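# Architecture at a glance
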Amino acid sequence: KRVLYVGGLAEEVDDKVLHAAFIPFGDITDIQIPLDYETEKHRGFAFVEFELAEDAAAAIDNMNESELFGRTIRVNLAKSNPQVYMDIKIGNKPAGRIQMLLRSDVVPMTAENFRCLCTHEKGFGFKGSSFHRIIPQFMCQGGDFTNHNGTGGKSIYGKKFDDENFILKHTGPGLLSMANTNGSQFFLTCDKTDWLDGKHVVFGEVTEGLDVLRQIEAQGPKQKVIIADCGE
Amino acid sequence: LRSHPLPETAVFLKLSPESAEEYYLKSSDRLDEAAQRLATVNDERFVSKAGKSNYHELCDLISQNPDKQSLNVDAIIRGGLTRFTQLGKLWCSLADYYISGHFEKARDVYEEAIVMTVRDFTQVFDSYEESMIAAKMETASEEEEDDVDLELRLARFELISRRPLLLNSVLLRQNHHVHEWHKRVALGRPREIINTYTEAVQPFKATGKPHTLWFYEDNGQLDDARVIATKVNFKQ
Amino acid sequence: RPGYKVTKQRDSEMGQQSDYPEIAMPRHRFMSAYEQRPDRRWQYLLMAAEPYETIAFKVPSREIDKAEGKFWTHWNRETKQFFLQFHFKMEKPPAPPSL
Amino acid sequence: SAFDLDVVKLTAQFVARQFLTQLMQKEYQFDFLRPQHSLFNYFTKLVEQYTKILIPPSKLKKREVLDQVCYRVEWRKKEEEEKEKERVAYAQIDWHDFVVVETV
Amino acid sequence: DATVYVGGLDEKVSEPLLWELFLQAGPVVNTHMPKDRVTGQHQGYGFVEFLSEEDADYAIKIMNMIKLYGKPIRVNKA
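Each chain has its residues counted from 1 in the order its sequence is written, and this count may differ from the entry's own numbering; any residue lacking coordinates is left out. Each chain is given a letter, starting from A, and each ligand a number, starting from 1, according to the order in which they appear as written. This view holds some of the chains of a larger assembly, and the values cover only those chains. The side-chain quantities take in all heavy atoms of the structure and omit both hydrogens and water. Residues with missing side-chain atoms are left out of burial classes, side-chain pairs and their counts.

Structure determination for this PDB entry is given in the record as cryo-EM, at a resolution of 6.50 Å.

With that out of the way, let us pick up the overall build of chain E. Helix numbers and strand numbers start at the N terminus; a helix is a DSSP run of H or I with at least 4 residues, a strand a run of E with at least 2. The helix and strand tally for chain E stands at 2 helices and 6 strands. Mapped in sequence order, the helices and strands of chain E form the string β-α-β-β-α-β-β-β. Computation of the radius of gyration draws on C-alpha atoms, with the globule rule given as 2.2 Å multiplied by the number of residues to the power 0.38. At 12 Å, chain E has a C-alpha radius of gyration in line with the 12 Å of a compact globule built from 78 residues. Here, residues are in contact when the closest pair of their heavy atoms is within 4.5 Å. Long-range pairs, those at least 24 residues apart, make up 64% of the contacts in chain E between residues at least 6 apart in sequence.

Before going further, it helps to spend a moment on the overall build of chain A. When helices and strands are tallied, chain A shows 4 helices and 16 strands. Taken over C-alpha atoms, the radius of gyration comes to 18 Å for chain A, in line with the 17 Å a tight globule of 232 residues would show. Each principal axis of the C-alpha distribution contributes one length, and for chain A these read about 55 × 35 × 30 Å.

Residues and elements named next belong to chain B. Interaxial distance between helix 7 (residues 87–98) and helix 8 (residues 101–113) falls to 7 Å at its minimum, and their mutual angle equals 150°. The orientation of helix 7 with respect to helix 8, classified from their angle, is roughly antiparallel. The crossing of helix 7 and helix 8 is left-handed. Where helix 7 approaches helix 8, its residues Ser93, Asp96 and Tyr97 are matched on the opposing element by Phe103, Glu104 and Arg107. Under the scheme applied, nonpolar residues are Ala, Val, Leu, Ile, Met, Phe, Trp, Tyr, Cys and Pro; charged residues are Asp, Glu, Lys and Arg; polar residues are all the others, including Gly. Taken together, the residues of the contact of helix 7 with helix 8 break down into 2 nonpolar, 1 polar and 3 charged. A fitted line through C-alpha atoms represents every axis, and for helices the fit uses only the stretch in contact; the resulting angles, taken between N-to-C directions, go from 0 to 180 degrees. Should an angle lie under 35 degrees it is considered roughly parallel, over 145 roughly antiparallel, and from 65 to 115 roughly perpendicular; all remaining angles are considered oblique. Crossing chirality is assigned from the near helix's rotation relative to the far helix, an anticlockwise turn below a right angle marking it left-handed and a clockwise turn marking it right-handed.

On to the interface of chain A and chain C. Contacts between the two partners involve 4 residues from chain A, matched on the other side by 4 residues from chain C. Classifying every residue of the side of chain A that touches chain C by side-chain character gives 2 nonpolar, 1 polar and 1 charged.

Looking now at the packing of helix 8 of chain B against helix 9 (residues 116–127) of chain B. Residues and elements named next belong to chain B. For the pair helix 8 and helix 9, interaxial distance at closest approach is 6 Å and the crossing angle is 145°. Read as a crossing pair, helix 8 and helix 9 show a hand that is left-handed. Residues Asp108, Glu111 and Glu112 of helix 8 pack against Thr117, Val118 and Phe121 of helix 9. Its residues assigned to classes, the contact of helix 8 with helix 9 comprises 2 nonpolar, 1 polar and 3 charged.

Attention shifts here to unusual backbone geometry. We note that A:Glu40 has phi near 80°; this positive angle belongs to a residue other than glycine. As for its position among the elements, A:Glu40 is in the loop between strand 3 (35–36) and strand 4 (41–42).

Further remarks concern the interface of chain D and chain C. Contacts between the two partners involve 10 residues from chain D and, on the opposite side, 9 residues from chain C. Of the residues contributing to the side of chain D that touches chain C, the split by class is 5 nonpolar, 1 polar and 4 charged.

Turning next to the sheet that holds strand 10 (residues 93–102) of chain A. Note on sheets: strands pair through backbone hydrogen bonds, and any given pair is parallel or antiparallel. Residues and elements named next belong to chain A. The 8 strands lie next to each other as 11-12-14-13-15-10-9-16, forming an open sheet whose pairing is antiparallel. What marks the edges here is a single partner per strand, and that holds for strand 11 (131–135) and strand 16 (225–231). Here the average twist between neighbouring strands, direction ignored, is 30°. In the packing of helix 3 (residues 108–119) onto the sheet, contacts are made with strand 9 (83–90), strand 10, strand 15 (202–208) and strand 16, and the angle to strand 16 comes to roughly 100°. The pairing criterion for strands is at least two bridges between them, as found by DSSP.

Once that is clear, we can look at the arrangement of the chains. For this structure, the chain pair with the highest number of contacts among 3 pairs of chains in contact is chains C and D. Regarding chain D and chain E, which are not in contact, the minimum distance between any of their C-alpha atoms is 27 Å.

Another point: the packing of aromatic side chains. All names here are of chain E. Here a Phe, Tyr or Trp ring, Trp counted by its six-membered ring, pairs with any other such ring whose centre lies within 6.5 Å, and the pair is stacked when the planes are under 30 degrees apart, edge-to-face when over 60, and tilted otherwise. Summarising the aromatic geometry, the rings of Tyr5 and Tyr45 are spaced 5.2 Å apart at their centres and angled 40° between planes, so their arrangement reads as tilted. Residue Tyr5 is found in strand 1 (residues 4–6), and its partner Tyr45 is found in the loop between strand 2 (30–32) and strand 3 (46–49); the two are separated by 40 residues along the sequence. By way of ring pairs, the aromatic residues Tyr5, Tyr45 and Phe47 are connected into one cluster.

All right, on to the sheet that holds strand 8 (residues 74–77) of chain A then. Residues and elements named next belong to chain A. Ordered by their spatial adjacency, 4 strands build an open sheet running 2-5-1-8, and the pairing between neighbours is antiparallel. Strand pairing shows two members of the sheet lacking a second neighbour, strand 2 (28–32) and strand 8, which therefore form its edges. The average undirected angle you get between the axes of adjacent strands in this sheet is 20°. Alignment of strand 1 (residues 3–7) against strand 5 (residues 45–50), held across 5 bridges, turns out to be antiparallel. What sits directly across from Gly7, in strand 5, is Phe45.

Take the environment of A:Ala95 next. Mapped onto the elements of the fold, A:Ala95 is located in strand 10. With 29 residues separating them along the chain, A:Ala95 and A:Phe124 place their C-alpha atoms 24 Å apart.

Taken together, the 4 bridges between strand 1 of chain A and strand 8 of chain A define a ladder with antiparallel strand orientation. Its bridge partner being in strand 8 of chain A, A:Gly7 is matched across the sheet by A:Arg74.

Before going further, it helps to examine the environment of E:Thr3. Residue and element names in this part refer to chain E. With respect to the helices and strands, the residue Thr3 is situated in the segment before strand 1. Each C-alpha atom of the pair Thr3 and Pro34 lies 15 Å from the other, and the pair is 31 residues apart in sequence. Not counting chain neighbours up to four residues away, the residues in contact with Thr3 comprise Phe47, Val48, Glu49, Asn76, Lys77 and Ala78.

Dropping the structure here:
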C-alpha cells in the first residue's frame, strides 16, 4: 500500500519534480517514469513509492485532483509488517497489481525472504518470472525464477531454509504460502486449502488486487502469466 | 569534492577562486542565498548581480521581489530568459499582477495564449474599459447565469448595443428576469414595457417597470402561481 | 467542487413478504458502454438489488466528486472503495443514497 | 541474552531511583540508553515497573480478586462474513442488464 | 495412504505411462485407471495401491509434480 499511481503529468514534469511535490508527505524510496524512447518523453504517468503506507495514504488524500504544472493530476494506490506488490501481465496484456502484506510478526525469516525477492536487493528476485502452475479453485504457484517449472528457485539464505512455524492456516483465498525445503517458490490460494495446513508455511495475504489474482486463476497455464514488475 | 567541503567549512574574490577551483553550482546558489539572507540593501542587489554572473531562476525572481521599478521588469525579462514557458511562469505572471498595468496585462495575455489565463484575465477585467471589453468578449464568446453576469456588466459598464445583447439573451431563453435586463436600457418605463410585453409572451416585474416609469406576499402567492387541483390552486 | 447524489427508493413491504436470510445491501459499479446487448463512449453508475431491475446513470464528465482520502484509511473493503467510500443504505426505510 | 537482560534490568534498577547519565560519560554496552536502540523500549517498561514498586513501599490485602478479573474481562467475524457475501453477489450479477433513465 | 486419486489427464495416457510414471517416484504395486466401455475412452482419474504407507506419504509430498499432456495431475491420499 506504499506504491501510488500518479497520472496527468505535463511534459515538463520529471522525477525531480515528483520528488519535490511528494516529499512533504514523507520519505520516498523510489520513483519510476515509463519512457517512450522514440520520443524520449514520458507517457504522462509515474509510480511513486513511499517508505510508509500511512504517508502514501496522506499523499493520496491531498494530491489527488490537485494541480501540478498547471494541470490536474490523478493519484491513487497503484495496486512493522512489510507490504509488497507485483504487477501482473497475462499474455501480452497488463492485468493490474496485487498488493500483499507479509507477516514478519509471525514468520520473520519467511517474510524477509519474500520481501527481498520482491525488491531484488540481494541481486536476484521475482521480476520477469512466471506463475508456472495454476489450478482453478486451488492455487496459483510461482517464484521459480531459475528453472520456471517448479524444480528451481533459491532463498536469500541459500538453496533452502527451515519451516519457521505453521501458526497461520490456509483459511481462504488470497493467502501467500511457501511451496516446498523452502526456497523462493510460493503460491497464492484461490480457496480454503486446509489440507495443506502444517505442510506449507503461510506467510502473508492479499490486501489489494484479489481481482487480479482471479484473472491469474482464470488461466489455470493457458496463457503466460508474468510478474512484469515488483517491489516494496 | 571533499576538499571543497572542508574548504566550505573554512568559509571574497580569492575565496571565489578557491570555490570555483573546488568545483557544485548548487552550493554557489546556496551561497548567494546566504548573502541575500545575511544582507536582510543595494549591496544585496549587487550580490544578485554576481548571481547573474554565476549564470531556481524563479527563486532569483523572488529575491528580486525582495529587492522591491523598470529593473523589476528587467528581472521579469530574466525570467522570460529562464524558460520558453510551467507553474513558475504562472508565478511570474502572479508577481506581475500583484504589483505597471501593462506588466499584468501582458502576463494575462500570455496566460490567454494558454483557459485559466483567460480566467485570471477575466478577474483582471473584473477588477475594472478594456477589462469590460475582455468581459463582454468573454460573454459573447459562446449560460443564463452568465447572461445575468453580462446584464450586470450592462448595469455597470455603459445603450442600444445592450438592448442587442439583451435581444441575444432573450432569443437564447424566453423566460422572468429578462425585463430587468431591459431595465438597464431605462437607466425605464420603456424597459418596463418590454417586461410587460415579455409577460404577454410568457408578474410583479411589469409593476416594477411602472415604478421605473414613475403586497410582496400576494406577489409571492402569485409566484406560486408562476411555478412551472394544481390548476385549481393557480385559480385560488 | 460539485458532486452528484442519487436517492433510490424500494418496495413498501408489498412483495418482499413472501425472507429466508438468502443475501437478505444494494451494490453500485461504474460500467463502460463499450459493451452492450451500437453507440458507446460514456460511463454508467449502475445500481443493483436482487429482486428489482438494474439502473444506470450516464456520466459524461470524466471526473466528479472523485475525492482524495476522505476517511482515515480504514480497511473493510466491503465490495470496493467506491461502495464504502460513498454510499448509504437506509435498510429500515429501504432508501439507498449514493454520492 | 542473560547479559543484555541483566544490564538492562540493573541500569533500570539504578535509573529508577543521575547515576546512569554520569556512568555514560565516565566509562558500547549501554547503547540501549538511546531511544534509537530497540531494546530501549522494554527498558522504559522495566524502569516504570520498578518505579511502581517504589509506589506502595503498604501491604496488599485483596471475592475481590475474582470481581477484578471479571471487570478486566469486561474491559468482527460476522462482519467479515457479510462482506464476503456481498463480494460474492457483486461478482455474480449482470452488469450488462442496463435500463437507464437520465444523466448528470 | 497406500492409494492415491489422480485427476486431470488425456486419454492417450494409459495404465502404462501411469505404471512407468509413478514408479519413477516409487513402484505402483496395483494400478487402476478405468477404461470406459461405452464410448471406449478415458475420463483421466486414477487410483494407486503401493507396497506400504510410507511409499505413499512420500508420494503425497513429491507426487503432485507430474504434468500429463502439458496439463496438471491431481494426486491426493485415499
